[PDB]
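Chains as they are written, first to last, in the deposited numbering: chain A, 1 to 869; chain B, 4 to 206, 213 to 869; chain C, -2 to 15, 37 to 42. Working notes, structure below.
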Amino acid sequence: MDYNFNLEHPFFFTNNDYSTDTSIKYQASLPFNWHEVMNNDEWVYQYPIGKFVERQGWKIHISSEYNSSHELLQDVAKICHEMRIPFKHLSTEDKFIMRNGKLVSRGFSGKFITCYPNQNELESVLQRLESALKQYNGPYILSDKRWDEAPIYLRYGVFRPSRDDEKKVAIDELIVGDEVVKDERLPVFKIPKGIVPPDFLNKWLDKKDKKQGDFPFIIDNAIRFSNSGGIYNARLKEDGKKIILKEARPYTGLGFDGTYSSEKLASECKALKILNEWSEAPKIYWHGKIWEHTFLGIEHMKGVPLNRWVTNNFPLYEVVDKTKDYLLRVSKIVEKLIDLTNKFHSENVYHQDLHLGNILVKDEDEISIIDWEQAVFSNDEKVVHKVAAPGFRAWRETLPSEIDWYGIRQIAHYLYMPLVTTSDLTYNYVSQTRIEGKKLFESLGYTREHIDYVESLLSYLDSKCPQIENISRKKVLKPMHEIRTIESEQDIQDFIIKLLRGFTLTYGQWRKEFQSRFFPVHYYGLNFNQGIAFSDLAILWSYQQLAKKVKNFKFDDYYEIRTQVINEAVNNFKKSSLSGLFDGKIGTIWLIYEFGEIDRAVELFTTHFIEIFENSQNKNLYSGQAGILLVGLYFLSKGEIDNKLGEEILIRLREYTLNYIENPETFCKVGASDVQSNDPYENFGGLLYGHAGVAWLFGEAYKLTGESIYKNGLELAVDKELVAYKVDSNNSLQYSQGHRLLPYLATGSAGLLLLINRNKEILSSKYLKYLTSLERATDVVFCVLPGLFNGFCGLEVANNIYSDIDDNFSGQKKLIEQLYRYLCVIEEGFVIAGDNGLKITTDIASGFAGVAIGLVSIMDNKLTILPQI
Amino acid sequence: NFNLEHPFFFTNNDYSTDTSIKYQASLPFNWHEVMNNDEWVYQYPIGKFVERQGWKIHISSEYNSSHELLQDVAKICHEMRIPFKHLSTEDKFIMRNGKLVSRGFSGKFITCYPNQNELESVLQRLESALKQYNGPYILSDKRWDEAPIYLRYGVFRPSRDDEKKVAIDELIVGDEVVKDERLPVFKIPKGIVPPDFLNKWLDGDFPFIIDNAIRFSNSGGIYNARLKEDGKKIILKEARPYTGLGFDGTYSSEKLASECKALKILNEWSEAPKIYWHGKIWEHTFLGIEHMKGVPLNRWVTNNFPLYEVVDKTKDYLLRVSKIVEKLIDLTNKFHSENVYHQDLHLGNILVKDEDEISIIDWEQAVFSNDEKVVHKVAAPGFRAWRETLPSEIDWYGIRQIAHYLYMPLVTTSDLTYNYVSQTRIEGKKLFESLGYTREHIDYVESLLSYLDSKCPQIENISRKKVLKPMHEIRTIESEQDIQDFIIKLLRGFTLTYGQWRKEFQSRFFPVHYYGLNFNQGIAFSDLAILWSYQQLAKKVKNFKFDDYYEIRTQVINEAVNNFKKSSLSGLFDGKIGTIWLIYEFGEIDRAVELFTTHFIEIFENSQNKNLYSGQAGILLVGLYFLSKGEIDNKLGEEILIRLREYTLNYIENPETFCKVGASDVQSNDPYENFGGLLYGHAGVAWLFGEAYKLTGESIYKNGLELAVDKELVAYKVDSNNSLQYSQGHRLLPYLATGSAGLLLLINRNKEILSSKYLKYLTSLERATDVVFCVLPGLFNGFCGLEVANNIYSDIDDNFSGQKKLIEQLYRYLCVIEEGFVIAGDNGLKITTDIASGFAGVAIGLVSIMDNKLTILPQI
Amino acid sequence: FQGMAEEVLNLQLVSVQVXXXXXX
Ligand SMILES: Nc1nc2c(ncn2[C@@H]2O[C@H](COP(=O)(O)OP(=O)(O)OP(O)(O)=S)[C@@H](O)[C@H]2O)c(=O)[nH]1
Ligand SMILES: [Mg+2]
């Protein structure tokens, strides 16, 4: 459920073309001399044949409830088929669920039938429609104004695109006066900039009801808004008290089953009425009905949520935790959860939504369960668990009491090893965390008795949930049961063979039911097809680079798919509109060169390099100008081009260096930043984004020829980039971004540790003193993401890469024996869930290609994603 | 040839979807799963080798006990190690056990794959948990003891490269090849060793004698037999247990019992059959009814409608129609008092036997309740009710369209436009006033059809077919303004039917009749000829507003030239030179000349046929068409001409080799199964000879034409109306493509060159293209071809009658969309836009009446 | 509570105080 992002669908993600069918339509009984047009796959528009309509005017908005939705069509279309009024309405029932549901914005809420009366015939339309319906009801629809006692709503808007015999006016602008005015969609009603109403509307606009003002609330803030309402922070006006305010507009907040927000609110009110003697449960101070929004106020608990408490108390370092004392607190919290669950299961209530956002941990380790919004009060049935957090949803129908135990089991397993995200893809995934948390806690060094007590508690929690037969089309994905220990190279060969076999299995399931791409990919780059990024050509390149390290692979269908990928990559080369190393046209040239194609790469290179270099805008490594110069310097260093083109490349590289040394602040961000996200085109700090990409180019230019201005620019860039870094309490240098610290390969600490290790012979003694500080920041024991750009593989490919030692067995052993906690299997296979596990993907940032490049770069000591020499 | 059905258009084996409860057996570890192709799911244990050939195990089931049987096979089959595969969705279960599906594939619900060493153990274990269920007998298999557990020698998996490579169809044979064939009655083939236990297991009063069968089906078929006590004449029935399942849960044994009850209730009636024998032999239900003589109305209408100008002397046709339509009303109103209904009343059931006396047969769909509104589930094309009527009114809805079919025979498109028959009822009065019948008979049959309109109720139209509405007014064409309005209406209808196709499909650009849905090049079912007809008819109307076709012109041209060589075809109408000719006449001159100069001598030697549809004659015709415009150089022109010089002498050497001489033996409206005509076959060689004489002047080209015409004219037969028509099978076909109109226009083209011994057929062929009614509206095999070849190459230059007749008589085939006019093709459950049968054919017809050319053939 | 209406209607503005889409 919970679509949008991009969508549902087992295993892979997909584009926004999957919401197909299976709901009954509305089908409003067309007469003759008319016509119905299905245009935007949401609305059917009926035009009377041979009638001129007027641009702008006053639209008519009609709302509806779910139970009596089918009667408004037969009572409004009967009105509109006599005379001549064109109207449009929704087509499928699913979009009627979604339009009045929880997900959509407050601007588009409740629009179900829209009428288009003309200017001189609106009187009879409204006078007939007021006495026509008179009994049905629905939501208010914001950004509009009500009529007297009907679901009729009015608005001044646009009717249709511009006529051929009129001035060309865009959809977003009006024609009031001689000026064009862009309209806005704000939740309150505003007359759009002085449009003169007709004489009959002045009575309906300018009137005022009774001014009896008695509001027993002082609203201070509002933490979050929704379609149902908002959750305010206020105080009572009796004497004092801090209250948490909830509201729910009538006939909205609708779910896929027929159940509104008021029923959930009343269930919350009853459930907190029953539990009215426990300090570790909220209490109700006020229940009422102001106008028709049915306000509820409940008391405000104190503490931090368990999600922040895990990150504040898990040992992420060997030195961050002192005098042990962590597992006994976990056992105490699990014992409190068991006691609470038994106590409110004895009182015949069922909380039915137990995830990390509800348990609040206050001072001295006391819990308090909040958000009793989907409570039920009967246990003899078998229902489907409908609304849940990601990773806390039950499987294949159960009793209303076992959903609480299924929640509590994974809350306890998250507190032992924080990886429960992929539990919506693999059944019984937490057994892997149960197995592999014990190895981590033994390697850190702990008393045995705490481990036995915690494992006894997890066994007791496992014993009170039923094993359910997995029939959900996701049966193939099964967790591990046996974990080995790597002691020789044959285990590494076996793991490599299993990983390529898992890639072979995950190719076919994507290619069987889709054809728009060739490999599945994370949803940030669902529409990108070029560069060292979310793509498809780097997948085959990493597959070749890993398969060359294993002797005599099965070699299924390699050459055919290589032929179509290498043909399709060059077939649409100039149809793109981006230029850059990692996301543009110059990256695929280097990858085509990396397969081979020595004539083809030079033929594309000499034809398109000048046009690619002139139209570039930015000046960073990821999508700017430095990557194209790096590719040109690589091609000059190997040598496949003419002398004058290389002279132009060197002249423009000197021009770039001279522009950089004058003012460095033009094309970067020297600061600390205030926005935190995983978006690729939003971060400006790191190796891919910022000064380290410039320093890599300066190091390559110094290694090519040897001008001292490149060394000066590199030293200036390194001294500028270390301004953004801070020092924590553990004496470690980390990148700073908002309230978060990011030691990672791409956007953080490991990029500089790789860069100053690559140039140890050129740099001097005033710059190498940060290596001990940076190595203490990339020695973590656990991180959530398994990827290459911002995951564990990026941390371990750069911690021991160059080192002037050929000892590579220890790094491979550590990487393989610690990366086992992120995987599942398929049939003698191996697939890796990517950032935000709830997926399987093959892409270079978080997936198969990232760990393939990690193993290849650990073996060959090159980091084969940035060109060098 | 792939048909599907959805609203409006056709599509091919796509947009069908699958929504049903999936079967989805469970899965343990050390296993897997893998949907091979859309129907089966394959479970097999990992790390276990399997053999090939050997013995397979099939397991069958019925509908309401299929899930329990799957769960009671999967539990035993998960014990030990046996791979197995079963069906996926209930829709494929309905399709596999169905009525019209082929009998070689039936009842395969669980396919089990045991190995050789423990097959006796898995049979012994499986027989204990089963045998409380039952299923169909299934041909080409063998029942074991008392179970659906089945055996057949067959392969498991395709060839592994470590073993020998012998492909799918061969079964362990190296010296020869053995290709297995799935047939009923079913033999163990040559060789094959049953090891020990199969040899024991493998090792009267029959009251009727069967002569021959008239149909075979999955239910069993219908037999023509005789009794043993007397001679008699019986029509026998057959059934199979748990076989014959529709989309609702009904089997053939229920329908046979309903037939027996409905024929035993009406046993006292002389227009209903009498049951001579009902019984059960083993499990196959056998039923025998009497043989009712007569003829169905589908041949009676074509044998009694006034088709030519004098076929029915002394009138009397409407008097014969009136007696039948009142007998139907009184008979149906009589047997409805006994609470029996038919629910299927198309033309194949009413039989006329004794001087217009009816006898309703085939009572397979009887319903004895009349208080639940039901959906009409199974019907013939055309006679299907709309949206949940009472079971009493379904018979009257059938009888209403039967009576409207008797008034003018066009009812087959009533499944697309609701209440289409008002157009037919309007134009029947005009046609019978044109023929000159009595007024009182017309008023009497109008009163009967008004009574049948009064009996059937009115239903509001709720579907997506609610855009298409019938005509309600007809205006007589009297001036040029009516034609100039009709052209704008037809162009607007073409724009709307392109806009409806473009939204939900992107593989093609225009909807095409299902014969040429695969083809995308040429003239007939092309993608560029429709836009060329669009441009040609839009040039004939003043200041028409262009919608988008400046962009669409270069879009279609660029898409055609990008995929010009991405095929393996040649020919004028479905090949590679047709798009060259069409690009040259579309408006771009030099690109077509460049492609022609590049590729003509490459295309020339690859083809094998020699007709204008796909062969060398169209290659030559385009070749000497390009010589007249003069873009071809001297050496290439000599190369073009030296091929045709040898071609004509090669035709003179042996004429019978190039085209079939005779009258054929097939009865199908198929493109590649047609042999004689202007397009398909031999008259186009005479067309090429007529074209070649105009620029060269040699008599060697002319003598081949007088040979070819005399060779073609042996196929026709003189009818009692003194008309020359084509004769394939037993149908007479006056049409443009495979008919007399092509030869009429060929003689009218070369009337100044030919002698007086060939011009005597003008008075004979013009009495065959003077037909009053024909079913199809297309160009090649429809009305427009008959009205474009009647008056095109006349010496006079008056063309208003050719406009007026063609516009006025082509009104009963039209559907309206919104100030539009979209034309249904042949077998009109469609709307089609192509030059064969659709908008483009009518556009070329109007142009070729106006312009004196027939501009879809190369001329000089 | 009557003649209020406007009150709540207005209320729908205030101002929040200072990834993972798809609701919960
Ligand atoms: N610290 C604290 N937080 C509170 C208190 N009362 C409510 N909250 C906040 O309100 C949240 C309730 O969930 P909320 O933010 O409404 O989203 P949700 O209900 O989990 O999910 P959604 O459907 O609304 S998107 C709690 O997780 C908590 O962050 C309180 O007394 N103290
Ligand atoms: Mg909730």
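C-beta: ideal position from N, C-alpha, C; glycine also.
Quick one: Cα of A:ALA222 to Cα of A:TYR251, how far?
As a working note, residue 222 of chain A is residue 222 in the first sequence. As a working note, residue 251 of chain A is residue 251 in the first sequence. When rounded, the distance between both Cα atoms is 22 Å.
Does the CB of A:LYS475 have a neighbour CB from chain B at under 9 Å?
Taking the first sequence and counting its residues from 1, the one referred to as residue 475 of chain A is at position 475. Answer yes: the Cβ-Cβ gap between A:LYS475 and chain B drops below 9 Å somewhere.
Pull out every residue of the region 32 to 66 of chain A whose Cβ sits closer than 7 Å to any Cβ of chain B, in chain order.
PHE32, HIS35, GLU36 and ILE49
Could you pull the start and end residues of the beta strand (DSSP E) that A:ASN313 belongs to?
Taking the first sequence and counting its residues from 1, one reaches residue 313 of chain A at position 313. That residue, A:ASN313, is in no beta strand (DSSP E); its alpha helix (DSSP H) goes 306 to 313.
For a test of your reading of the model: does the CB of A:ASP353 fall under 8 Å from any non-hydrogen atom of ligand 2? Yes or no.
Here residue 353 of chain A refers to the residue found at position 353 when the first sequence is read from its first residue. Yes, the beta carbon of A:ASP353 sits closer than 8 Å to at least one heavy atom of ligand 2.
Proximal residues of chain B, C-beta to C-beta of A:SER29 below 9 Å:
As a working mapping, residue 29 of chain A is identified with position 29 in the first sequence. From the beta-carbon of A:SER29, the residues of chain B found nearer than 9 Å are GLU469, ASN470, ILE471 and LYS475.
Close beta carbons around A:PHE792, own chain, < 7 Å, minus the five adjacent residues each side
On the first sequence, position 792 is the one that residue 792 of chain A refers to. Excluding sequence neighbours, A:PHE792 sits near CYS783, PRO786 and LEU819.
Can you list, in chain order, the residues of its chain with a C-beta nearer than 7 Å to that of B:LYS324? Leave out the 5 residues immediately preceding and following it.
Numbered from 1 along the second sequence, position 315 holds the residue referred to as residue 324 of chain B. Cβ neighbours of B:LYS324 within its own chain (closer than 7 Å, five residues either side excluded): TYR446 and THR447.
Opening and closing residue of the alpha helix (DSSP H) in which B:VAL718 lies:
On the second sequence, residue 718 of chain B is found 709 positions in, with the first residue counted as 1. Counting along the chain, the alpha helix (DSSP H) containing B:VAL718 begins and ends at 708 to 721.
Could you please give me the residues that DSSP links to A:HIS287 through a beta bridge?
Your numbering for residue 287 of chain A matches position 287 in the first sequence. According to DSSP, A:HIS287 bridges with A:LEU296.
Note down, in chain order, all residues in the region 529 to 562 of chain A with a beta-carbon under 7 Å from any beta-carbon belonging to chain B.
none
Measure the Cβ-Cβ separation of B:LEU838 and B:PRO390 and say whether it is below 9 Å.
Here residue 838 of chain B refers to the residue found at position 829 when the second sequence is read from its first residue. Here residue 390 of chain B refers to the residue found at position 381 when the second sequence is read from its first residue. The answer is yes: Cβ separation under 9 Å.
Since A:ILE816 and A:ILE492 are thought to touch, with beta carbons under 8 Å apart, how far apart are those beta carbons, to the nearest angstrom?
As a position in the first sequence, residue 816 of chain A is number 816, starting the count at 1. As a position in the first sequence, residue 492 of chain A is number 492, starting the count at 1. Their Cβ separation, rounded to whole angstroms, is 7 Å, which keeps A:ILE816 and A:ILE492 in contact under 8 Å.
Among residues of its own chain, excluding the 5 on either side of A:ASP321, which ones have a beta-carbon nearer than 7 Å to its beta-carbon?
Here residue 321 of chain A corresponds to residue number 321 of the first sequence, with the count starting at 1. Result list for A:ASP321: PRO315, in chain order.
Would you kindly work out how many angstroms separate the C-alpha atoms of B:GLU335 and B:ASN16, rounded to a whole number?
To locate residue 335 of chain B, count along the second sequence from 1; it is residue 326. To locate residue 16 of chain B, count along the second sequence from 1; it is residue 13. Computed Cα separation, rounded: 45 Å.
Compare the C-beta of residue 870 of chain A against all C-beta atoms of chain B and say whether one is closer than 9 Å.
Residue 870 of chain A lies beyond the range of chain A shown here (1 to 869); nothing can be said about it.
Would you say the beta carbon of A:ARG511 is closer than 8 Å to some non-hydrogen atom of ligand 1?
For the purposes of this step, residue 511 of chain A is taken as the residue at position 511 of the first sequence. For ligand 1, not one heavy atom lies less than 8 Å from the Cβ of A:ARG511.
Identify the continuous alpha helix (DSSP H) that holds B:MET859 and give its terminal residues.
Stepping through the second sequence from its first residue, residue 859 of chain B is reached at position 850. Taken as a continuous stretch (DSSP letters only), the alpha helix (DSSP H) holding B:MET859 covers 848 to 859.
Report the rounded CA-to-CA distance for A:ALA394 versus A:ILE403, giving the unit in angstroms.
Against the first sequence, residue 394 of chain A aligns to sequence position 394. Against the first sequence, residue 403 of chain A aligns to sequence position 403. Rounded to the nearest angstrom, the two C-alpha atoms are 6 Å apart.
With a 10 Å radius around its C-beta and 16 neighbouring C-beta atoms as the bar for buried, classify B:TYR18 as buried or exposed.
Taking the second sequence and counting its residues from 1, one reaches residue 18 of chain B at position 15. Around the Cβ of B:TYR18, a 10 Å sphere holds fewer than 16 other Cβ atoms; the residue is exposed.
Any idea which residues DSSP pairs A:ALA234 with across the strands?
Taking the first sequence and counting its residues from 1, the one referred to as residue 234 of chain A is at position 234. Partner(s): A:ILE219 and A:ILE243.
Given that a residue counts as buried once 16 or more other Cβ atoms are within 10 Å of its Cβ, and exposed if not, what is A:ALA695?
As a position in the first sequence, residue 695 of chain A is number 695, starting the count at 1. By the neighbour-count criterion, in which a residue is buried when 16 or more other Cβ atoms sit within 10 angstroms of its Cβ, A:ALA695 is buried.
Do B:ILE496 and B:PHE519 have their C-beta atoms closer together than 9 Å?
As a first step, residue 496 of chain B is located in the second sequence; it is residue number 487 there, counting from the start. As a first step, residue 519 of chain B is located in the second sequence; it is residue number 510 there, counting from the start. Going by C-beta atoms, B:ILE496 is not nearer than 9 Å to B:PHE519.
How is the alpha helix (DSSP H) around A:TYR593 delimited, first residue to last?
By one-based count along the first sequence, residue 593 of chain A stands at place 593. Taken as a continuous stretch (DSSP letters only), the alpha helix (DSSP H) holding A:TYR593 covers 585 to 595.
Please determine if the region 525 to 536 of chain B and the region 553 to 561 of chain B are in contact, where contact requires at least 3 C-beta pairs separated by less than 8 Å.
Contact fails: fewer than three Cβ-Cβ distances are below 8 Å.
What is the rounded straight-line gap between the Cα of A:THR421 and the Cα of A:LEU306?
As a position in the first sequence, residue 421 of chain A is number 421, starting the count at 1. As a position in the first sequence, residue 306 of chain A is number 306, starting the count at 1. Whole-angstrom Cα-Cα distance: 15 Å.
Let me check understanding here. Comparing Cα to Cα, which of A:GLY107, A:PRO466, A:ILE628 and A:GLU263 lies closest to residue 879 of chain A?
Limits of chain A in this structure are 1 at one end and 869 at the other, which puts residue 879 of chain A out of reach.
Kindly examine ligand 1 and report whether one of its heavy atoms sits closer than 8 Å to the Cβ of A:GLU268.
Within the first sequence, numbered from 1, the residue matching residue 268 of chain A stands at position 268. Not under cutoff, so the answer is no.
How is A:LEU154 classed by DSSP in three states: helix, strand or coil?
Along the first sequence, one-based indexing puts residue 154 of chain A at 154. Here A:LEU154 sits in strand by DSSP.
Identify the contact partners of A:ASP21 in chain B, using a Cβ-Cβ distance below 9 Å as the criterion.
The residue given as residue 21 of chain A occupies position 21 in the first sequence. In chain order: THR20 and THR22.
In chain order, what residues of the same chain lie with their CB nearer than 7 Å to the CB of B:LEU774, ignoring the 5 residues before and after it?
Position 765 of the second sequence, counted from the first residue, corresponds to residue 774 of chain B. Taking C-beta separations shorter than 7 Å and ignoring five residues to either side along the sequence, the partners of B:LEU774 in its chain run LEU733, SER749, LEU752 and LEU753, following chain order.
Okay, do the region 429 to 436 of chain B and the region 376 to 389 of chain B touch, 3+ Cβ pairs below 8 Å being the bar?
no
Give the secondary structure of A:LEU788 by DSSP, where H, G and I count as helix, E and B as strand, and everything else as coil.
Here residue 788 of chain A corresponds to residue number 788 of the first sequence, with the count starting at 1. It is coil, neither helix nor strand.
Which of helix, strand or coil does DSSP assign to A:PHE609?
Taking the first sequence and counting its residues from 1, one reaches residue 609 of chain A at position 609. Note: A:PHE609 maps to helix in three-state DSSP.
Residues of chain A with CB under 7 Å from B:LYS78, in chain order?
The residue given as residue 78 of chain B occupies position 75 in the second sequence. None at all; the shortest Cβ gap to chain A is about 11 Å.
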